[PDB]
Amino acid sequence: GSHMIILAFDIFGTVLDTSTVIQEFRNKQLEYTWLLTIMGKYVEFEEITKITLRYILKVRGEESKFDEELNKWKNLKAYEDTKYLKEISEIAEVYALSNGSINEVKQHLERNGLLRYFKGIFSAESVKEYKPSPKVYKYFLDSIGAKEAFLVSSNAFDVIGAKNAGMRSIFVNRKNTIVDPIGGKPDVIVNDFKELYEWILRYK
């Protein structure tokens, strides 16, 4: 068919299950990406990850578990339903758009057997500002020469960032959580990647 559907997938918490890492750490990591972005400062995502994890562990008196906890981040598993990226990539243009470096994301996707389904990997690092900076989403659109595209995410902040920057948003609510008001207005809500695929079939 001649109807192009462009999907940009958030990675951490959307494709990859971040439930396995210390939640205070994931929150702190995200906090740092936001604070630095506000200040117009930039630190590579891997370093932000190491710095925030070490600090959180220090506070808990668990610094001896640093490598073990960092290993969990390095070995994140994709949610079971991401297997649907196979069917999805047959009918839609599948990209990654992440706070993570291109290299790190490529590595996570490859290890989970999903990289083959992606036509491109884009990083916030390219614009030295993190989500939800409108610069991140626009770099993606401009780089592929797209006007309309969907950002697929389970993160409320990313949903509203996408909308703010001119992308449509698909919110994947697997936790089935009460709506976080800041991300309360996605264009589409689905519960998982199977429902995502079904929505794409209907849209196509």
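Numbering starts at 1 and follows the sequence shown.
Trainee: If you average the Cα B factors in the entry, which is higher, 29 to 37 or 166 to 174?
Mentor: So the stretch with the higher mean C-alpha B-factor is 166 to 174.
Trainee: What stretch has the higher average Cα B-factor here, 44 to 52 or 135 to 143?
Mentor: Per the deposited B-factors, the answer is 135 to 143.
Trainee: Considering every modelled residue of the chain and its Cα B-factor in the PDB entry, is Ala149 in the lowest, middle or highest third?
Mentor: Top third by C-alpha B-factor.
Trainee: Using the B-factors in the PDB entry, rank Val105's C-alpha atom against the chain and give the third, lowest, middle or highest.
Mentor: Within its chain, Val105 is a middle-third residue by C-alpha B-factor, going by the deposited values.
Trainee: Taking the C-alpha B-factors as the PDB entry records them, is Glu90 in the lowest, middle or highest third of its chain?
Mentor: It falls in the top third of the chain.
Trainee: Thinking about Cα B factors across the chain, which third does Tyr130 belong to?
Mentor: Answer is lowest: the recorded C-alpha B-factor places it there.
Trainee: Report the third (lowest, middle or highest) to which the CA temperature factor of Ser19 belongs, ranking only the modelled residues of the same chain.
Mentor: As the PDB entry reports it, the C-alpha B-factor of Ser19 lands in the middle third of its chain.
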